[PDB]
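One chain comes next, on its own, written out as structure tokens in the form deposited in one PDB entry.
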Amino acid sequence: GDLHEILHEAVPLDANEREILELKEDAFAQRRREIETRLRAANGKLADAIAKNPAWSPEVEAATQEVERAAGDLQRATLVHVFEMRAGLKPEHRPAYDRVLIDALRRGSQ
């Protein structure tokens, strides 16, 4: 989320390495849209049901299940993509990248 963007900024790189990294982004960008989508949909499902009847209901129950699973999915996809970017780093840059990742996770960033 902002986790994703934070880790991109911990990634030191010249003019060449950046253009290459951006080209490599598209695999994850799409995966992602696919997930920010289901989640944004599950939320609208939630809000729709509440504007209808602001009380718990089978629709609200189902929507919240959907919101949850989707947000987990999104963090998992983010992490997968973050470890792939880690693999493309020179060994000398790995410790700083790990530090940023661990500390962001620890304080609840995604």
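The term rigid core refers to the most C-alpha atoms you can superpose between the two forms while keeping them within 1.5 Å. Residues that one form lacks are left out of the comparison. So that there is no doubt, residue numbering starts at 1 and follows the sequence shown.
Comparing 1 to 9 with 99 to 107, the stretch with the higher mean C-alpha B-factor in the PDB entry is 1 to 9.
Legend: mean Cα B-factor per stretch from the PDB entry, 17 to 25 versus 89 to 97; the higher mean is in 17 to 25. When the C-alpha B factors of 64, 37, 78, 57 are read from the deposited coordinates, the top value falls at 37. Among the modelled residues of its chain, residue 51 has a C-alpha B-factor that falls in the highest third, as given in the PDB entry.
As for the form deposited in another entry, it is not shown, yet the points below apply to it.
Fitting the two forms on their rigid core shows CA movement of 2 Å or more between the shown form and the other one over just one run of at least three residues, at 10 to 25.
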